[PDB]
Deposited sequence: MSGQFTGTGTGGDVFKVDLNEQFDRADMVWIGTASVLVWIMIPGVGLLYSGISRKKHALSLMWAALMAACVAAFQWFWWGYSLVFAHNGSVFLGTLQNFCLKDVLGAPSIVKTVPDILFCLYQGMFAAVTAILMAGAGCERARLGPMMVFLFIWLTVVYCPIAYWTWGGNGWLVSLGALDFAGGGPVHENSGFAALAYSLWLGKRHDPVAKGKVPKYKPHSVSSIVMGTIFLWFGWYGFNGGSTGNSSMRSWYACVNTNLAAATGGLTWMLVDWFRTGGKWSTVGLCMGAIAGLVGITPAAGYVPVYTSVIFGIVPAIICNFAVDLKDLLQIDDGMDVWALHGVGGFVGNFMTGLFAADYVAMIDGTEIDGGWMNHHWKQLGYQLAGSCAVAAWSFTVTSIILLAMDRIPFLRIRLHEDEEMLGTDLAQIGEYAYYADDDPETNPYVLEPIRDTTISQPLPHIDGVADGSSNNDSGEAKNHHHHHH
């Protein structure tokens, strides 16, 4: 009388909760709340790190992104990823507006559809604020909200379906992605790169010549953002087992250790490159790099290897940030360097260090990586990383270029039509300017001449 389809059965005839371990459900419910607070974590981080004055407050934009993402997910985002009648590349509209989303075992069988919807919806929201942060410079809010809705639909949801969907081709191939390093981090990173290369300011003074690599808008925002991110990451990674087993807590140990060693590695790198100074910004970026790096691996690799997921992503991401000076582009490039490069590196190394005896902690069966002489695992990881980066960069490019040719949907005004943050007899007046007291978004204005 448990149907396994639709709502899962008739609530007046069966107790749909009997299909699940109650403790499994509580941990995934708790983990969903933890991921939610990562959303303002992202907004605080990238507002504080910025080397220029964004007119849009990214702390506030995180709440905007939480609203847009939750509506998109309810509307059809959840269905396009986690419908049960998917087609290798995408889901369907079977769960449009969460129709019949209730007590059937989800793609992750240990939790019902409705709880998996709550949990996975937080991942989409985290990705939404990463994208708004990447593309925030001189953004117009109306076009940005439309962009987020579309981008979640045709960039996030296909990549997420490939990684997590019932018939997703990356699942079937054998690619490993424990907590969504592809859909969340690598995807947003390479979409950010599309923003940088197509819409970011060229020959940017903050990135041109010998300018300071770190010039933060607000160190206290960076620290608070990193606090929220690390705190929430326990749900992000620890919840990706779908259960209450000790593999969940194993993945939390790996998460903590990769962040710790990433933070120390990046700071040590900067200590050598500067000739002896201690980078406060660097420690935080290094913790994020390690957190990103361990994301595809946390439930698959032995604890002692988690330090490598801090060390190696921190080193590589540290040097990836230097490319901003070569391109002379700042906009969007921090998100690409931490999440795009970091996610690529972590996904790659999961193919090296994944171990079948770690997955088996809760009975999960995998062939393993190079730890289990499963050599082609590395090739499965590279196939996933290249497909994510290619789809994300290409489709995000198309979206941005299409909207740029529609004057009322142009996300970022062209320089020749831009007007200095003015406000609506014969003279005009300024509406300054202090985001701490201004109740309205300082929206870019188009020139009327």
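Residues of the deposited sequence lacking C-alpha coordinates fall in the stretches 1 to 3, 428 to 430, 456 to 486, numbered from 1.
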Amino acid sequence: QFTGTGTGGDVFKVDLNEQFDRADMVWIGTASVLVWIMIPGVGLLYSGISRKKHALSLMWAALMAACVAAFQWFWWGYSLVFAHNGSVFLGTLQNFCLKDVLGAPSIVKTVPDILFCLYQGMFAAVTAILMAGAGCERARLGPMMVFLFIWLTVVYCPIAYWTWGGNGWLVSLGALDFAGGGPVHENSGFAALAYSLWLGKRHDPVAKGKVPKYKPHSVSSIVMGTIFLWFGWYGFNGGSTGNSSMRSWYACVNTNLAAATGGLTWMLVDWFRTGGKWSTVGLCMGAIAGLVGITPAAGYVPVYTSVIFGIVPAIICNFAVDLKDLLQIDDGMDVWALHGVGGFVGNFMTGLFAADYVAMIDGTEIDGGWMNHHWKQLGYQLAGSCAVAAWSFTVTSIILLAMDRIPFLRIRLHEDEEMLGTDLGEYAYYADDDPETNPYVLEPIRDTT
From here on, numbers count along this sequence of modelled residues.
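As the entry records it, the average C-alpha temperature factor is higher for 206 to 214, out of 291 to 299 and 206 to 214. Looking at mean Cα B-factors across 215 to 223 and 89 to 97, the upper value is held by 89 to 97. Residue set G342, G103, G242, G275: peak C-alpha B-factor at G275 (per PDB entry). In the PDB entry, the Cα temperature factor peaks, among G235, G310, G332, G379, at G379. Residue-level temperature factors show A31 in the lowest third of its chain, judged at the C-alpha atom. Among the modelled residues of its chain, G168 has a C-alpha B-factor that falls in the highest third according to the deposited record. Among the modelled residues of its chain, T422 has a C-alpha B-factor that falls in the highest third according to the deposited record.
In the deposited entry, the Cα temperature factor of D24 places it in the lowest third of its chain's modelled residues. When the modelled residues of the chain are ordered by their C-alpha B factor, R138 lands in the middle third.
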